[PDB]
Amino acid sequence: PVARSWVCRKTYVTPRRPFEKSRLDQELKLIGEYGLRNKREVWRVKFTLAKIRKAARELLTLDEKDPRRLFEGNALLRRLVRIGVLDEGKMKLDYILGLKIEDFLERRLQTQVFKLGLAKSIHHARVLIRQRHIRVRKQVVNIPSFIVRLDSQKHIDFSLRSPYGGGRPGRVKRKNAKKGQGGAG
Amino acid sequence: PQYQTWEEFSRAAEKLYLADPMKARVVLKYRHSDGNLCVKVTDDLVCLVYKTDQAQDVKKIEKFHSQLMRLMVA
Amino acid sequence: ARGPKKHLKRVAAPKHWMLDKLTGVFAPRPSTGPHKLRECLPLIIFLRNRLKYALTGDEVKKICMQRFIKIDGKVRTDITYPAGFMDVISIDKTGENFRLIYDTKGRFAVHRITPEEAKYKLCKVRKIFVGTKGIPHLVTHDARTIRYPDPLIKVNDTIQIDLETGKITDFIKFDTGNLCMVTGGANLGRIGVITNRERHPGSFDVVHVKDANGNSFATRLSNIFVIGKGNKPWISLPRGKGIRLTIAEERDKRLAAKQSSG
Amino acid sequence: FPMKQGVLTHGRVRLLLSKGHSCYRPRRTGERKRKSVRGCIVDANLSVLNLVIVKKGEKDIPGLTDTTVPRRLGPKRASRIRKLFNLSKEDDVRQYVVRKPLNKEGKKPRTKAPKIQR
Amino acid sequence: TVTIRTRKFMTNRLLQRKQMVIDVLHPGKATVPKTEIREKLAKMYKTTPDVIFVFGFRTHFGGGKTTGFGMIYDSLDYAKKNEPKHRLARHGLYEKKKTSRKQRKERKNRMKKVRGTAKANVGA
Amino acid sequence: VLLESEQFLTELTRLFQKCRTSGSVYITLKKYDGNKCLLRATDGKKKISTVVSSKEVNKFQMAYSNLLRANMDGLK
RNA sequence: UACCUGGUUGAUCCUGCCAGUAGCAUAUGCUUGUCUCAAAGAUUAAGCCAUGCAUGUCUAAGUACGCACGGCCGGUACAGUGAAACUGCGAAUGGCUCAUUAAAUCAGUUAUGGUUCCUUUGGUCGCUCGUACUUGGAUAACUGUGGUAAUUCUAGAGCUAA
RNA sequence: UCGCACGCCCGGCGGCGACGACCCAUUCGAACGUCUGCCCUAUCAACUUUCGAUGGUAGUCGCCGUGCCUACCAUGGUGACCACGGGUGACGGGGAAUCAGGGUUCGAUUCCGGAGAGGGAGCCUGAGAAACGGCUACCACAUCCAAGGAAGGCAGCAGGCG
RNA sequence: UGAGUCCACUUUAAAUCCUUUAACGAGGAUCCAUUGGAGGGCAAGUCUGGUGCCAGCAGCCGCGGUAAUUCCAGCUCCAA
Ligand SMILES: [Mg+2]
Ligand SMILES: [Mg+2]
Ligand SMILES: [Mg+2]
Ligand SMILES: [Mg+2]
Ligand SMILES: [Mg+2]
Ligand SMILES: [Mg+2]
Ligand SMILES: [Mg+2]
Ligand SMILES: [Mg+2]
Ligand SMILES: [Mg+2]
Ligand SMILES: [Mg+2]
Ligand SMILES: [Mg+2]
Ligand SMILES: [Mg+2]
Ligand SMILES: [Mg+2]
Ligand SMILES: [Mg+2]
Ligand SMILES: [Mg+2]
Ligand SMILES: [Mg+2]
Ligand SMILES: [Mg+2]
Ligand SMILES: [Mg+2]
Ligand SMILES: [Mg+2]
Ligand SMILES: [Mg+2]
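Definitions and limits used
Residues numbered from 1 in each chain as written, not as in the entry; some residues may be left out. Chains lettered and ligands numbered in written order. Part of a larger assembly, values for the part shown. Heavy atoms only, no water. Contact = heavy atoms within 4.5 Å. Salt bridge = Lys/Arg side-chain N within 4 Å of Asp/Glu carboxyl O. Polar contact = N/O pair within 3.5 Å; in protein donor to acceptor, adjacent residues only side chain to side chain. Helix = DSSP H or I, 4+ residues; strand = E, 2+ residues; numbered from the N terminus. Near = heavy atom within 4 Å. Buried < 20%, exposed > 50% of the residue type's maximum accessible area, 1.4 Å probe, protein only. Patch = residues over 30% accessible without salt bridge, like charges linked within 9 Å, V, L, I, M, F, W, Y side chains within 5 Å. Areas by Shrake-Rupley, 256 points an atom, 1.4 Å probe, with all protein chains shown as cover. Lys, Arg positive; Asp, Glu negative; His and termini not counted. Charge placed at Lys NZ, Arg CZ, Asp CG, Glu CD. Pairing = 2+ DSSP bridges. Axes fitted to C-alpha atoms, helices over the stretch in contact; angles between N-to-C directions. Core = buried A, V, L, I, M, F, W, Y, C linked by side-chain atoms within 4.5 Å. Domains from an automatic or database assignment.

If you check the header, you'll see the entry was determined by cryo-EM and the resolution is listed as 3.7 Å.

Listed as interface residues are 13 residues of chain C and, on the opposing side, 16 residues of chain E. Residue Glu59(C) pairs with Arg17(E) through a salt bridge whose shortest N-O separation is 3.7 Å. Summed over the shared surface of chain C and chain E, the number is 2 residue pairs in polar contact. Considering each element in turn, the side of chain C that touches chain E owes the most residues, 3 residues, to helix 2 (residues 57–65) of chain C.

Taken together, 29 residues lie around RNA strand I, and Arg161(A), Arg171(A), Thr31(E), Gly56(E) and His60(E) are the ones closest in. Within 4 Å of the protein, the contacting atoms of RNA strand I are drawn from sugar and phosphate to the extent of 70%. The contact in question runs from a phosphate oxygen of RNA strand I to an N or O atom on the side chain of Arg132(A), over 3.0 Å. In the model, a phosphate oxygen of RNA strand I is placed 2.9 Å from a nitrogen or oxygen of the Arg161(A) side chain. Listed by contribution, the elements that provide at least two residues to the surface near RNA strand I are helix 7 (171–184) of chain A together with strand 3 (52–59) and helix 3 (85–91) of chain E. Here the element with the most residues in the surface near RNA strand I is strand 3 of chain E; it accounts for 4 residues.

Before going further, it helps to spend a moment on unusual backbone geometry. At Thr5(B), a residue that is not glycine, the phi angle is positive and equals roughly 50°. Looking at the element boundaries, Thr5(B) is found in the segment before helix 1 (8–19). We classify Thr5(B) as exposed; its relative accessible area is 64%. Notably, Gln16(E) is not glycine yet its phi reads approximately 55°, a positive angle. As for its position among the elements, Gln16(E) is in the loop between strand 1 (3–12) and strand 2 (17–25). On the accessibility criterion, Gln16(E) (15% relative accessible area) is buried.

Taken together, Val42(D), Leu46(D), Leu49(D) and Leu51(D) make up a surface patch of nonpolar side chains, about 410 Å² in accessible area. Residue position: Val42(D) is located in the loop between strand 2 (33–38) and helix 1 (78–85).

Here we take up the protein's contact with RNA strand G. Around RNA strand G, 83 residues are found, and the nearest of them are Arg16(A), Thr32(C), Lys76(D), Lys107(D) and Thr117(E). Considering RNA strand G, the proportion of its atoms within 4 Å of the protein that are sugar or phosphate atoms stands at 74%. One nitrogen or oxygen atom from the side chain of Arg4(A) is found 2.9 Å from a phosphate oxygen belonging to RNA strand G. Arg71(D) places a polar side-chain atom, nitrogen or oxygen, 2.9 Å from a phosphate oxygen of RNA strand G. Those elements that provide at least two residues to the surface near RNA strand G are strand 14 (145–147) of chain C, helix 1, strand 3 (100–102) and strand 4 (110–112) of chain D, helix 4 (101–113) and helix 5 (119–122) of chain E together with helix 2 (57–71) of chain F. Counting residues per element, the surface near RNA strand G draws most heavily on helix 4 of chain E, at 6 residues.

Turning our attention to the interface of chain B and chain F. Each partner contributes to the interface: chain B provides 30 residues, whereas chain F provides 32 residues. Between chain B and chain F we count 1 salt bridge in total. Here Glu62(B) and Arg69(F) are joined by a salt bridge, their closest N and O atoms 2.7 Å apart. Per-element tally for the side of chain B that touches chain F: the top contributor is helix 2 (residues 57–73) of chain B, with 10 residues.

Right, let's get into a positive patch on the surface. Residues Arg14(D), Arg25(D), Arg27(D), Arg32(D), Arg34(D), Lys35(D), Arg115(E) and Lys119(E) make up a contiguous surface patch of positive charge. As for its position among the elements, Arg115(E) is in the loop between helix 4 and helix 5.

Turning our attention to the sheet that holds strand 2 (residues 36–42) of chain F. Each strand in a sheet pairs with another by means of backbone hydrogen bonds, the pair being arranged parallel or else antiparallel. Sheet architecture is open: 6 strands sit in the order 3(B)-2(B)-1(B)-1(F)-2(F)-3(F), paired in antiparallel fashion. The sheet is open, and its two edges are formed by strand 3 (47–51) of chain B together with strand 3 (47–52) of chain F, each paired on a single side. Taken pair by pair, the neighbouring strands of this sheet meet at an average axis angle of 15°, ignoring direction. Of the pairings in the sheet, the one linking strand 2 (residues 37–42) of chain B to strand 3 of chain B comprises 5 bridges and is antiparallel in character. Pairing of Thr42(B) across the sheet is with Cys47(B), part of strand 3 of chain B.

Grouped together as the largest cluster of nonpolar side chains are 52 residues, with contacts concentrated most on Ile69(C) and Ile89(C). Here the element with the most residues in this core is helix 1 (residues 43–50) of chain C; it accounts for 5 residues. Composition of this core by domain shows at least three residues from each of domain 1 (1–116) and domain 3 (174–244) of chain C. Setting aside its immediate chain neighbours within four residues, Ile69(C) contacts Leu43(C), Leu47(C), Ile63(C), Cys64(C), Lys74(C), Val75(C), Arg76(C), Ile89(C) and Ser90(C). Of all hydrophobic cores here, the second largest spans 40 residues; its members include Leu16(B), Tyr30(B), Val41(B) and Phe8(F).

Next up on the list: the sheet that holds strand 3 of chain E. All names here are of chain E. Read from one edge to the other, the open sheet built from 4 strands follows the order 1-2-4-3, with strand pairing classed as antiparallel. Only two strands of the sheet have a single neighbouring strand rather than two, namely strand 1 and strand 3. Across the sheet, the axes of successive neighbouring strands diverge by a mean angle of 20°, strand direction being ignored. Pairing geometry for strand 2 and strand 4 (residues 66–73), over 8 bridges, is antiparallel. Counterpart to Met20 in the pairing with strand 4 is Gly70. Against the sheet, helix 1 (residues 34–45) makes contact with strand 1, strand 2, strand 3 and strand 4, and its axis sits at roughly 125° relative to strand 3, the strand it touches most.

If you want it as structure tokens, here you go:
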């Protein structure tokens, strides 16, 4: 009898066949397109897509004008609109089934930094996320898996404690300036 | 020097250990042909010895030794 | 077990206390008193978890031992005193009188009242006992044994007692058309008028209660408390007024008010 | 092993003892425990004999009757003070209560009085 | 450049104190100490800093915000009446004893063995 | 001879079993830094040695105590 | 994701099993840079334990003549702390394990109109028709003799309170 | 019974409490009960029964109802709808994993209830125990001893042997 | 830019860790990522040298009897 949670869940489920050539082709294209780290990054978004599609099928098995069905459908459409994958005019529970892993990976903060263009490459954007140069709503985001909301999309910029922004220069710049001033006198 | 009987050697050896635990060591001499036991604690300043067997003293000598080892570790 | 239980687990605590899971292993087990185990709410939870006046149980003990908390006209010095339904907690220095009425949900609500309302409270009687010399006795839900009552007061009625003298002023008889607070179960917190009474021999009786918005519902009489005649209550009611509107309408009343506030 | 009143042997007898019996102090409330005692009949199997002089003889022993040892405490109950000082039911106890002097080195001389009960 | 704001302000007459959640903004430096927190709350609320007790800071990620709880007593006598001795000893008006807990348990079990007045004579 | 903590106890038992007839048993305990204690044993001919660290004193001292209580007996 | 493949034959179609394939546990091997949580003597031995600790407790409100401290307004008892001790309550709660147990335990549903219940709260508590301005003597803590090799063993003699 | 403020009458009337209890309620429960539900096995087909088996009558005892027990009578009760017997590497459940839809396996494991402190049995105290960080006897294991005797129960926290 | 080093807050009953924060701190950024396999199921060498039904590999079929795509080593590649 101790006071703790013991609540956890695997966010990814491995496929049944380990060496499918077309599956490795599609996952390798996804990683090479959107700048990912491993196959687990594909599989966890695939399993969240599996959660959303299972909820969608469970709603479509329900009858029309059911209150639980209407509430859960409106809540899931609100969640899809606020994550910004599904459009605000397209929102209907029949259009959830026609949604794709590419459109889920488009809302990555790494991909959104690459689309806004403050970083050169996708992996260079991931380097900037790792090295803590950018912030979202006066909050430094260190992890590239941040699902950027549509309302919080426009607030992506460089952080204040950043040499690329308005801050102090880095260790290499300080060391080169100190070496130059020591060589000059 | 030769604190015999009992509790004189124990208090004196605990004083020797609490003076300095680093330079102090304890030696234990067992004899079976004559059959007696000897404890001597030194701290490289004075040496204090205890020379009796009396059967019952074996348990308290090993408890004192295990207490010294626990004070060396802790 | 070889005897009575004194501890209560945090998981084994009831749901309406809304105690959190991570902070503690044990829950504050209420002391014995005028209310049951799962019907009341303790003074330490009412003071620390809901009002947020104190941080710790030691601070709650300091508050109850400075002689500040006045429950229904008497100072209780216990942190685990069972404060149940229609209990009046008075705090003199802040000048705050609280009446423990349920909210529209299953939880109790922090309900501010006037001292004119805190002077009295309402209690449902459970049985009439004939004492040792032919003396009628009412047994209320908060264990008050009042003697020589009005003989029109029956088994399923309510009485408006006074806190200063412990005697009855008025009474509400269990009749059709009267209001109804539902004290227990899945309909805990509903307020509506009584539209039907169905008797059963052996099995327990049931009452159909109609909401003001037309939402009729059945409830057994063990969890039923009338609060006044007709559609006019004698107490003050919290916000929500005991309706239990749907979750979609709750989402609407949250979201539209949030977007209107900005 | 101590003796015990009312066992009527001369050897060693083990008996159940509880609260309210001799040669046993109960630790828990109502605790019973076997204890070993000796018979009340006096034989050679004894170390100590406890003797209480009831009647005083002709001569005077220098060990016991010569050294007079006073009471350690004084009467605290008002009825016992009345029985000691032959008092009535109306007279005072506060004036006739027995108070003890206290004197030692360093501290001041004091006189300490008991709280009269009843 | 250090800014202190207050949220959730409450007046406990039954505890004879004020209380609030303290939000500290400090760009360009580390977490400011509790002495500076007490001084800035003192010059804010126009009271002496001896009664202001602040504890429990949590610094957010990024490094521009902390959240801490603090109470403001009326007097030092009321603070010693209802304030925990450990947070009193954080500042130094109270000093707890240094008797270690296992040795106190050993002393209690040694006093349990000997019956009579000599329970005090067992200890030292 | 620097050995393991268990091998030290076995060779120490063998020292008493060899000294059941004649010979002294010398046990030297001292502080060791280079928390650790140096424990060495000598019969006069063959020396054994070990270093007991903090991780194994509860495992070591109890068996060492039973070894001493089983192997040392003087006069009644 | 409502999923297949290799293996009987010269080759084919079936039945058929074996082998893969993918998760949850249990142990082990290799390796391991950061961080938030987090199982952990259950499986065989509900086998055995040196050592230390885990249930004790006083308020203005049950007993204060241990100077163990301590104040002077004392003589109309007890200023005020407080060791120890008598008394009341807890120790029948909590913790550990699953040996035993197969309409037994236990889960849903019921009654005690077939029973008890410390505590808490609300009732009652001059209802009776017959020295009270307060009744009795033991005892612990205190003093003093000890017995045993030894116990959280206890006694005899003085005391003194509920 | 005990503690605090301290008043008014012609010595007597007075407040705020704490504590002590016959009885009635309330609460915490406890326990017997009503119906339904549990894995494998027929190489377990009949089981129980004057040593209570199934009922009646009248009692003992229990906190109460009852073959719980006692005295006298009746020969009854369960079973192929699997009783009885055996095994479980079976504490039960909420639940866990695998999963289309269906199922299969596990559940000692933080919550609820049951059982227990090496194996059984008996009892004081106490509202509540057949309690073992309570005793009383026997068996297994073990400590000191002066040989008369005394003392033990980590399936608690750490830790040790196997 | 961390990982580390480390003054100082904060954390906490007192500490530890996290977050903050000075000063150090990276070009083979040696501050070096391994675990299994490469005939098929099953993604991935008819590459090279030795062994010659011996060693061994192989969960199934099978490979090795002096040109081994299956062993043992190098290189290359594949799965995470
Ligand atoms: Mg064939
Ligand atoms: Mg073929
Ligand atoms: Mg298989
Ligand atoms: Mg870091
Ligand atoms: Mg670190
Ligand atoms: Mg075991
Ligand atoms: Mg055992
Ligand atoms: Mg328990
Ligand atoms: Mg079993
Ligand atoms: Mg079995
Ligand atoms: Mg279980
Ligand atoms: Mg088992
Ligand atoms: Mg038990
Ligand atoms: Mg028992
Ligand atoms: Mg127990
Ligand atoms: Mg135990
Ligand atoms: Mg190869
Ligand atoms: Mg293959
Ligand atoms: Mg291939
Ligand atoms: Mg192969």
